[PDB]
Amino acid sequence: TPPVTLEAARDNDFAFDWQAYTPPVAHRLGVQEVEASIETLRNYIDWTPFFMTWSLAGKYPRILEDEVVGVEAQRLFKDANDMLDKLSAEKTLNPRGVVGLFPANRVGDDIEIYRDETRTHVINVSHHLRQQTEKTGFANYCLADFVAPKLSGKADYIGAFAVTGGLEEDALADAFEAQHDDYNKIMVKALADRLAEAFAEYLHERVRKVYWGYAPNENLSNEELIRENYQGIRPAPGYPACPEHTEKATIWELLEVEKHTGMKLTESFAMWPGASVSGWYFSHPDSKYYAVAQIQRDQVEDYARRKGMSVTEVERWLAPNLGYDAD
């Protein structure tokens, strides 16, 4: 579809009646270090991606019943589960995380995060991109649209989190590798992954129910959680609704991630350990995932100005999304 100017994009933003909506107030504002045991996390594991890691197709649990790959799947799963028992027992892989909730308001395509409820001092800004193609009856989405504009005078909030399956991940895989045991070496990385992702599901649930607290009586099964049948979203930088990776640096700063979990970001803004998940929390009932997709040169120059970066640095990071021939 033909791109649109940034201005026409911004003119077709998410239309909602803010004067008639009262965003839910965050019950626990602030930053809180969190933890979760392997035992608790196992109830939140989505196993389908583990089987796909072992090049097996099929969705858990039906996959355990496949007359051809069923038996290999059952072996994998049994070994998966005995290793979990062992890391659980020996406390050798320890999931760590941090979560935070903040007063926030939308100004343009960005989200201002305030030091407190007087909302007079911006401690950080969460920058976002807006879809830049001609949209038919649908707004040109930007994640900032799901937070109340500062102009509406409504108090709103945003949350963030960073979780890891454990800082031991490499020590464990490194040891399986030294003795040429690539099976378990894969096994331990595949599990740390499931655990990181389980912790993100579990923590999002605690946020919906207690920390932000807008859905205190929520009672979803793990399959309902996997189907995302809850109110709200937890977009992660790097994913399609927010493809710009350097924003992981804002989360690291807001939650003081390294100080509270030992998790670090690299030169290309990847997270260490490898089994880690970071992102934002949005409470709006209408929030959803989508792809920003191809963005034009006017959006790149504006984004660079807001971020305080040169247009070429922004070109490096948004390269998969430039809707024009970059250089």
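Don't overthink the numbering: it's just position in the shown sequence, from 1.
Please work out which of 249-257 and 69-77 has the higher mean CA B-factor as recorded in the PDB entry.
Mean B over CA atoms: larger for 69-77.
Quick one: higher average CA temperature factor, 99-107 or 205-213?
Here the higher of the two C-alpha B-factor means belongs to 205-213.
By the CA temperature factor listed in this entry, which of these ranks top: 126, 231, 120, 136?
The listed residue with the largest C-alpha B-factor is 136.
Which one, 131, 221, 152, 164, has the peak C-alpha temperature factor per the PDB entry?
Within the set 131, 221, 152, 164, 221 shows the top C-alpha B-factor.
Within this chain, which third does the Cα B-factor at residue 86 fall in: lowest, middle or highest?
Answer is middle: the recorded C-alpha B-factor places it there.
Residue 63, C-alpha B-factor rank within chain (lowest, middle or highest third):
Tercile = highest for this residue's CA B-factor.
Based on the deposited C-alpha B factors for this chain, I'd like to know if residue 282 is in the lowest, middle or highest third.
Bottom third by C-alpha B-factor.
Once the chain's modelled residues are ordered by C-alpha B factor and cut into thirds, is residue 194 in the lowest, middle or highest one?
According to the entry, residue 194 has a C-alpha B-factor in the chain's lowest third.
Based on the deposited C-alpha B factors for this chain, I'd like to know if residue 302 is in the lowest, middle or highest third.
It belongs to the lowest third of the chain when residues are ordered by C-alpha B-factor.
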